[PDB]
S.K.: 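Sharing a structure, written as structure tokens. Questions coming.
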Amino acid sequence: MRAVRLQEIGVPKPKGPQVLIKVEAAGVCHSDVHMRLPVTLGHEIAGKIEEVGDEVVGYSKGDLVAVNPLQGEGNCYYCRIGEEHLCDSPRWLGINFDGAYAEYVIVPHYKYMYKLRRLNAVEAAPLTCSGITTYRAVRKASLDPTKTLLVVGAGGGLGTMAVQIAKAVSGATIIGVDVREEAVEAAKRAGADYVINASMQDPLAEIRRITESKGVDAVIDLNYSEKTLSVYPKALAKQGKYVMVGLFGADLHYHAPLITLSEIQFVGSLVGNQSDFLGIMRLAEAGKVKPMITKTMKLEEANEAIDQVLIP
Amino acid sequence: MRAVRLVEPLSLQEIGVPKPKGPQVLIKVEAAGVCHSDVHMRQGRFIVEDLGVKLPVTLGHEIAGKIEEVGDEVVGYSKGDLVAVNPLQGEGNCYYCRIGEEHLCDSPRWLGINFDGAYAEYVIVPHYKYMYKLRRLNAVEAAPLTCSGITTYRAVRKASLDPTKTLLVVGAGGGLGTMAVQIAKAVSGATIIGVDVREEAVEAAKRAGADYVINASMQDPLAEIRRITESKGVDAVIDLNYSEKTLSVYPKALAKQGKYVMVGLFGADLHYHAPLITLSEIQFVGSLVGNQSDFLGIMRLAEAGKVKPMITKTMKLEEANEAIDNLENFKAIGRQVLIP
Amino acid sequence: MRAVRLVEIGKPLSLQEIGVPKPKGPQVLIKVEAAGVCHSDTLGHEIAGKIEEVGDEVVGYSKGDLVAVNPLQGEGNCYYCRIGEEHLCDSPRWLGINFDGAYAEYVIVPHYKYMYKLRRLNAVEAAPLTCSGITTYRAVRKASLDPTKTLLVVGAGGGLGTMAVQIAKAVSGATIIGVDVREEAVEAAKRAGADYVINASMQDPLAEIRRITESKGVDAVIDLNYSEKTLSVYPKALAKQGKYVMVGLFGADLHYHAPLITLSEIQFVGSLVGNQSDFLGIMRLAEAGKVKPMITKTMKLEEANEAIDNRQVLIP
Amino acid sequence: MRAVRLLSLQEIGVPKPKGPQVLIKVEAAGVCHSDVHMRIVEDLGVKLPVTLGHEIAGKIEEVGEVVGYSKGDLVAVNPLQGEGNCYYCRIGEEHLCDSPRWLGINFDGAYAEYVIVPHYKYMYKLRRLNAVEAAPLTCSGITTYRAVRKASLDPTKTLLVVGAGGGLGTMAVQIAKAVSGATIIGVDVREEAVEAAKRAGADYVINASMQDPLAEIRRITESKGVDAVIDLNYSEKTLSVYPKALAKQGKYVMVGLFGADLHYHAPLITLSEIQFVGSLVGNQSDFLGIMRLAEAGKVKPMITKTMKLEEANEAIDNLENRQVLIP
Ligand SMILES: [Zn+2]
Ligand SMILES: [Zn+2]
Ligand SMILES: [Zn+2]
Ligand SMILES: [Zn+2]
Ligand SMILES: [Zn+2]
Ligand SMILES: [Zn+2]
Ligand SMILES: [Zn+2]
Ligand SMILES: [Zn+2]
């Protein structure tokens with residue numbers, strides 16, 4: 001089979017709880033940029049089951065599935081308490097284990113799969129990464145009907161998904177902020193109750209009016225920047241939670257007395273566990289959260305994409 | 001009655017004794033704790049602009065004493081009862097008051113801050129529900145609990161501890177530190193590591209109940225923490241009275257999902273690389289005071305003897321300015337309590 | 001002013017002519033525009049109207065303001081008031097129960113903090129929320145729902161049922177199964193947002209649930225105005241770790257085999273009213289249109305006895 | 001090797017550990033009332049014969065992929081292991097798995113000289129405790145630790161432990177004392193039991209044979225009642241009496257399998273927001289918690305009586321009328 005690695009290799013044979021998948025969709029995201037041994041990339045997997053190991057239960061050849069790529073070894077503290085995404089020595093498909101940048105891919109254990117019924121491989125693949133990430137980020141915001149949330153860059157891919165999830169799972173008031181009329185509009189279509197265009201308005205001033213000067217109870221900053229970190233924490237209400245997600249090389253700078261006086265919290269997040277995967281997939285399969293705007297490409301265009309869902 | 005008040009140093013005035021009406025309670029002060037917060041008060045910063053403070057005002061937010069007279073609406077308390085008081089009282093209408101976090105009230109009634117406090121012979125408690133009847137503790141032992149006790153109790157709760165976790169208490173040999181160690185020992189089951197910089201402070205942390213203690217002046221603290229936790233790091237850090245140094249050092253001891261609980265008002269900034277926060281799911285959380293639930297918790301622990309009173313130094317009401325000076329010039333080791 | 005009051009147990013309410021209280025301090029005098037009436041029934045615990053006058057200590061409210069009121073107010077000193085669960089206060093001040101209510105032209109609200117400024121809703125639309133809204137909002141929270149769970153609402157086509165369906169739909173992301181006992185009630189459950197619906201008087205509820213949940217059962221059941229029948233049937237639909245939230249006051253007992261409880265880690269939990277946080281939540285949702293007002297029937301204050309005889313909203 | 005299976009003593013072969021499996025040389029096999037019931041097919045899909053013993057502790061004889069463990073290590077084992085695909089396994093509640101692998105129940109247990117642990121992650125290296133002290137913790141320890149967590153205790157609350165002087169009761173008292181800060185009231189029916197509850201750490205003890213327990217509980221709690229009751233091995237009597245001691249919002253944590261029904265007036269439940277919650281076993285988090293406590297000496301081992309592997313049936317008989325078998 002073909003395989004873009006960090007070639008023409010052989011097709012692994014599934015044994016035990018393993019499952020061999022015929023890749024129908026291999027998502028690509030900025031994380032693949034940080035990657036670029038040998039190792040096949042592709043941590044956003046979706047496809048049809050080609051063959052299952054003798055021990056596999058509940059799945060048959062032909063089944064359409066999406067896969068949770070981050071799998072813990074089980075013995076460490078994080079695996080034991082149920083936070084395997086924070087495993088000390090994880091098995092990460094497309095990162096430290098061969099991924100979906102190929103015609104076929106092996107899933108260590110069948111429990112990490114999710115049978116697709118409503119979505120197709122292309123619509124699901126991105127959910128195994130951005131979906132899990134965003135779903136956990138909303139969970140960390142600790143929202144309820146009495147609260148108001150601010151989603152930064154609400155008109156982007158991650159932003160609209162965050163708005164959709166928050167609207168489908170919390171009942172909180174949602175304020176989306178972006179910088180272009182188009183994005184602001186995308187944020188509104190995602191379900192934001194209020195939208196702000198930082199390019200035509202002072203977001204803080206607008207947020208202060210919307211919340212009657214209280215500020216927001218949570219901010220979800222997906223793919224934060226030095227700019228966002230210096231601006232949006234100012235919008236936090238007392239006890240507000242600033243949920244940061246991403247890997248940009250920037251530092252958090254905040255006056256300590258402001259944190260203690262207002263009991264604010266800065267919380268980080270990046271990926272997610274089986275519970276997060278189950279949640280986003282149930283939502284997507286129910287249509288409560290729509291698939292990301294996607295652009296399909298060929299497997300050979302992998303490098304191009306990195307320079308988007310690849311279809312073997 | 002006599003009363004030391006902030007008029008613009010504090011001045012000893014001779015004002016009248018308020019008469020309790022309705023739910024109000026008149027208390028004959030037996031103990032008036034003094035802490036660094038009173039230094040901020042005397043400096044003005046932190047009050048008139050934001051806290052609605054209107055000079056002159058009797059300071060003293062750490063109250064304990066005997067009930068002198070009660071309002072006709074007061075229920076469950078009688079003259080002669082010995083009580084401690086929760087000084088932070090919400091107005092009720094704001095969001096924080098509605099969700100039960102009145103200490104974060106938009107316009108609180110704060111005894112000793114924007115309402116007359118205990119630096120006097122008598123003090124009025126707006127509503128009797130803010131008191132706690134003492135049975136085991138005396139006024140002197142209880143007064144500091146209304147401030148440092150509530151604060152530390154809440155900080156421990158924010159650490160989200162459980163039997164599978166390990167906590168690090170920074171400056172574990174100090175007043176606040178030993179209190180945090182004791183509370184964590186009594187309410188969580190977590191492994192407790194105390195760190196300080198002096199042999200006597202380190203020993204005090206041990207006596208407070210710490211499972212492990214570290215003298216950061218002798219051993220590299222981070223390396224010892226890694227050894228004790230077998231490279232995992234700690235699940236929480238409680239940094240009471242944080243400094244520029246502690247904030248730059250201890251967050252590095254955090255395990256994945258670790259929570260760094262900062263308490264205090266020192267003029268310093270938190271500086272941390274964002275990718276480190278997201279990769280490890282760490283959290284930086286602030287705390288300063290506490291609500292009725294926090295007060296209820298610390299008083300129950302103290303009354304049961306599960307948490308010991310702070311090392312105290314009793315002084316007279318007229319020595320209020322002196323007590324506060326000892327705090328400005330950091331020459332006041334030991335909780336100073338005024339006995340009117 | 002006019003005011004229908006309970007002058008004698010067993011006997012009917014009497015329309016007396018008492019004086020209009022004068023608001024002092026934090027108190028607020030409301031010109032009643034809507035006085036809800038429910039089975040729980042100067043009475044009137046479902047209050048909504050315009051502010052007539054405010055006490056000298058009132059802040060944030062002015063005469064003319066349209067407001068809804070949380071009738072259950074704690075004394076503050078007891079354990080429950082201290083931890084923020086004042087609805088379970090040991091000696092509460094309950095408007096319309098042990099304190100004069102809204103069955104009159106004017107009513108005094110002990111403290112302004114218990115009010116909520118109406119901006120989208122009118123008095124009639126809001127009054128019911130101060131009771132059924134709070135109750136249902138808290139019941140949904142106790143169900144501990146999330147997107148991977150499924151909720152069963154019993155009697156989902158009724159007034160409380162449709163409200164519970166709407167709230168669960170607007171705040172949880174959970175799959176919702178609604179069941180009731182007559183077609184009009186069933187169709188109403190669908191309109192309320194239930195993903196699946198069932199008529200228990202026409203078919204066996206337990207088999208359908210099994211099918212829908214693919215034999216897992218439901219993660220939570222909210223049994224509004226439970227009965228001897230519901231309690232003997234629906235707990236059987238619970239999945240492992242399922243929570244059975246019972247709401248109501250009917251004279252019936254809960255009877256369940258203990259081993260079934262331990263083996264599945266199920267929980268039976270009761271709920272009846274709610275606190276300031278629940279009131280804040282339901283008002284926020286209603287004012288935002290995320291949950292619609294109850295179907296109401298307006299009547300006159302004089303018809304109090306009549307209404308109790310038979311959502312009916314009295315209007316002075 | 002010898003092995004008492006479903007009881008008969010057989011002479012079967014010693015399995016060979018492959019992959020993540022671990023072969024343990026059993027040094028302690030706890031026995032509890034659950035084995036009375038064992039001695040399940042149509043349900044748990046039990047394929048007879050099967051070696052009992054779900055309370056495992058011993059030395060690692062051989063490791064299969066195994067990482068972090070070596071031959072000679074002393075370990076205790078979490079016997080309840082989920083298959084992974086079901087809802088409960090996915091959300092981290094594998095003890096409630098739809099099709100679990102349960103050592104000593106539907107998989108060969110410790111009633112033998114050797115036993116296979118499917119995956120090494122279910123073990124816990126012993127440092128302070130010996131095999132005999134640890135074995136019971138894999139069952140009663142996990143169970144009681146989870147029951148205490150379900151009580152939702154905190155320093156502002158008070159807990160009542162029923163039968164506080166028994167094996168499970170003192171365990172519950174000790175765990176609650178070490179992990180919550182709640183005030184603890186232990187109740188029992190004999191002077192000696194009441195005494196055991198006190199030594200366990202109870203702040204207050206009640207001899208229900210001398211004083212009316214509900215009355216004493218009200219006096220202690222100043223008429224509020226308790227915020228939680230942990231009723232380990234409940235009976236028809238406990239369920240009819242103690243729920244009356246619950247304060248508003250109180251949680252009645254029931255644990256056990258006795259054939260009794262819960263009977264309570266609904267209005268009482270709704271008016272007080274009380275909760276009846278069941279529990280029986282526990283997950284990896286529960287195992288980690290109880291073992292950390294025990295290994296730190298914060299919770300003491302159960303009073304134990306060691307016996308021979310061949311006395312398995314006798315041990316179970318004794319229950320029908322903490323015993324640990326030593327191969
Ligand atoms: Zn990705
Ligand atoms: Zn791991
Ligand atoms: Zn102080
Ligand atoms: Zn307030
Ligand atoms: Zn009503
Ligand atoms: Zn109360
Ligand atoms: Zn057992
Ligand atoms: Zn399972």
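Just follow the structure's listing: the first ligand is 1, and inside any ligand the first atom is 1. In what follows, every chain begins at residue 1, and chains take the letters A, B, ... in the order their sequences are listed.
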S.K.: In plain terms, say whether C:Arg119 and C:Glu287 are close enough for a salt bridge, that is, a side-chain N and a carboxylate O under 4.0 Å apart.
M.R.: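 No, C:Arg119 and C:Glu287 are not salt-bridged.
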S.K.: How close do C:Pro110 and C:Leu95 get, heavy atom to heavy atom, and via which atoms?
M.R.: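 Heavy-atom minimum between the residues: CD-CD2, 3.8 Å.
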S.K.: Is any side-chain heavy atom of B:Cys97 less than 4.5 Å from a side-chain heavy atom of C:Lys113?
M.R.: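 They are not in side-chain contact.
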S.K.: Less than 4.5 Å apart, any side-chain heavy atom of C:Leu272 and any of D:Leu271?
M.R.: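 Yes, their side chains come closer than 4.5 Å.
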S.K.: Going by atom types alone, do C:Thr42 and C:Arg5 pair a side-chain donor with an acceptor below 3.5 Å?
M.R.: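 Present: a donor and an acceptor within the cut-off.
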S.K.: Inspect the contact between B:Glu101 and B:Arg154 and indicate whether a charged nitrogen and a carboxylate oxygen are less than 4.0 angstrom apart.
M.R.: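 Looking at B:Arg154 and B:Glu101, the cut-off is met.
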S.K.: List-wise, which protein N, O or S atoms are found short of 2.8 Å from the Zn ion (ligand 4)?
M.R.: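 Within the sphere that stays under 2.8 Å of the Zn ion (ligand 4), the protein atoms of type N, O or S are B:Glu91 OE2, B:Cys94 SG, B:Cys97 SG, B:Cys105 SG.
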S.K.: Are any of the side-chain nitrogens in D:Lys224 or C:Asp90 under 4.0 Å away from the carboxylate oxygens of its partner?
M.R.: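 Not counted as a salt bridge, because no side-chain N and carboxylate O are separated by less than 4.0 Å.
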S.K.: Can B:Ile27 and B:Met131 be said to form a side chain to side chain contact (heavy atoms under 4.5 Å, CB included), step by step?
M.R.: CA-CA 10 Å; B:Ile27 294 175; B:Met131 311 190 305; 4.2 Å; yes
S.K.: Do any protein N, O or S atoms sit under 2.8 Å from the Zn ion (ligand 5), and which ones are they?
M.R.: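 Only C:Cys38 SG, C:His45 NE2, C:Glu46 OE2, C:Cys131 SG fall inside 2.8 Å of the Zn ion (ligand 5).
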S.K.: Establish, for the pair D:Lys157 and C:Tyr79, whether the NZ or CZ atom is under 6.0 angstrom from the six-membered ring centre and no further than 45 degrees off its axis.
M.R.: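 Because its charged atom misses either the 6.0 Å distance or the 45° angle limit, D:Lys157 does not stack over C:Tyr79.
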